[PDB]
């Protein structure tokens, strides 16, 4: 499978033609305030430098594999372990976030993918309700170099070629996410690439993460994908809510 062309995604996986897919256009005026949504909790995200982590150009994204012991909770009794994180981005002067807000697309987006503690493996969780949970934050331009992102972005030259990888020291993974874990949107949807399995709990932070212009350019200008083609604009088209109500942790 690829972005922007064949094969048709439902031929690869019929789940890609489901009614309840991601990503979506978040319309905050249509979101339901749900006071039961408490601040997200993370434990073990501040890693020692060793062991190192794998950072991979898989031709569709740059993906950081996370080690065991990164615990995440959506609330009391809703417990997850982090598997990996990756990015979606645009091109020079074009945004490439997956989620949009009132039709606005942001420069880029981070996804931190988690597996329910009720499942031993990802493949057992696919398609099961709440089996997988993704934390999502938009990346925008700020005035400063973001030092957490710099740890990954300074290594993209090493993995420019499709299918390459490198090892990076552990870092504070939570520093790749916004500081505000209280204010977010949450809805049920799908993986945004094949196999597009439904049952995925999406949490999208209100607060954005700030990267420098140079950083955003490094992200969109360094990696190469399938063919002799640049790895850019690696986001799925917006999927309709189709009657799903997005929840908000704030009125």
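Numbering follows the first chain given and starts at 1.
**Student:** Between 87 to 95 and 174 to 182, which has the larger average Cα B-factor in the PDB entry?
**Tutor:** Result of the comparison: 87 to 95.
**Student:** Tell me which stretch, 5 to 13 or 238 to 246, has the higher mean Cα B-factor listed in the entry.
**Tutor:** So the stretch with the higher mean C-alpha B-factor is 5 to 13.
**Student:** Just grab whichever of 39, 44, 48, 225 has the top CA B-factor as deposited.
**Tutor:** Going by the entry's C-alpha B-factors, 225 comes out highest.
**Student:** Should residue 195 be placed in the lowest, middle or highest third of its chain by the C-alpha B factor in the entry?
**Tutor:** As the PDB entry reports it, the C-alpha B-factor of residue 195 lands in the highest third of its chain.
**Student:** Ranking every modelled residue in this chain by its Cα temperature factor as given in the entry, which third contains residue 109?
**Tutor:** Lowest third - that is where residue 109 ends up once the chain's C-alpha B-factors are sorted.
**Student:** What third of the chain does residue 167 rank in for C-alpha temperature factor, lowest, middle or highest?
**Tutor:** Its C-alpha B-factor belongs to the highest third of this chain's values.
**Student:** Compare the C-alpha B factor of residue 67 with those of the other modelled residues in its chain, then answer lowest, middle or highest third.
**Tutor:** Middle third of the chain for residue 67's C-alpha B-factor.
**Student:** Among the modelled residues of this chain, does the Cα B factor of residue 28 put it in the lowest, middle or highest third?
**Tutor:** Middle third of the chain for residue 28's C-alpha B-factor.
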